[PDB]
Every structure is written in C-alpha cells, then in structure tokens.
There are 2 protein chains.
Amino acid sequence: XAXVXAXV
Amino acid sequence: XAXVXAXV
DNA sequence: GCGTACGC
DNA sequence: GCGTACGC
Ligand SMILES: *C(=O)c1cnc2ccccc2n1
Ligand SMILES: *C(=O)c1cnc2ccccc2n1
Ligand SMILES: *C(=O)c1cnc2ccccc2n1
Ligand SMILES: *C(=O)c1cnc2ccccc2n1
C-alpha cells in the first residue's frame, strides 16, 4: 500500500 | 552516467 | 492493491 | 559506464 514507484 | 538506481 | 527514478 | 525505491 506503500508509495515509494506505484501508488496503491 | 546519471545516479538516480545505478551509480555509473 | 502496483510500479519510477537518468544520464558522465 | 547500470541499476533502487515498499508496503494499506
Ligand atoms: C501495500 O501494503 C501493498 C501490498 N501489496 C501490494 C501488492 C500489489 C499491489 C499493491 C500492493 N500494495
Ligand atoms: C516503484 O515502481 C517500485 C517498484 N518496485 C519496488 C520494489 C521494492 C521497493 C520499492 C519498489 N518501488
Ligand atoms: C551516463 O550518461 C550513462 C549513460 N549510459 C549508460 C549505459 C549503461 C551503463 C551506464 C550508463 N551511464
Ligand atoms: C535505478 O536502478 C534505475 C533503473 N532504471 C531507470 C530508468 C530510467 C530512469 C532512471 C532509472 N533508474
């Protein structure tokens, strides 16, 4: 759920 | 030569 | 519940 | 001349 690339 | 992952 | 970020 | 970065 972590947004470091994807943002879900 | 750009270091944003790799660093060469 | 998915994918970003770059040039000596 | 290569590869990093993370969990609601
Ligand atoms: C957040 O913890 C999280 C964990 N697993 C995932 C798997 C696939 C897409 C997004 C996800 N987000
Ligand atoms: C971003 O797109 C992305 C893709 N894979 C990962 C793996 C581990 C940590 C962070 C990540 N971020
Ligand atoms: C830096 O500009 C640069 C450009 N191309 C590369 C290709 C492969 C590895 C490292 C590189 N660094
Ligand atoms: C870091 O490992 C990495 C890998 N691929 C890329 C593509 C485009 C811009 C930056 C990147 N960084």
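Every chain is numbered from 1, with letters handed out A, B, ... down the list of sequences.
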A.B. asks: Could you check which of C/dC6, D/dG7, D/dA5 has an atom nearest any side-chain atom of A/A2?
C.D. replies: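 Closest nucleotide among those given: D/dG7.
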A.B. asks: Which nucleotide in the list C/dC2, D/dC2, C/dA5 gets nearest to the side chain of B/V8?
C.D. replies: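 For the B/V8 side chain, the nearest candidate turns out to be D/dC2.
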A.B. asks: How does DNA chain C read in dot-bracket, base by base from 5' to 3', with Watson-Crick or G-U pairs under 3.5 Å and | used when the partner is on another strand?
C.D. replies: .||..||.
A.B. asks: Counting heavy atoms from C-beta on, name the nucleotide in C/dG3, C/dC6, D/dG3 closest to the side chain of B/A6.
C.D. replies: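 Side chain of B/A6 sits closest to D/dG3.
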A.B. asks: Please give the distance between the P atoms of D/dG3 and C/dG3 as a whole number of Å.
C.D. replies: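 Rounded to whole Å, the distance is 24 Å.
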A.B. asks: Quote, to the nearest angstrom, the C1' distance that separates D/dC2 from C/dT4.
C.D. replies: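 Their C1' atoms lie roughly 16 Å apart.
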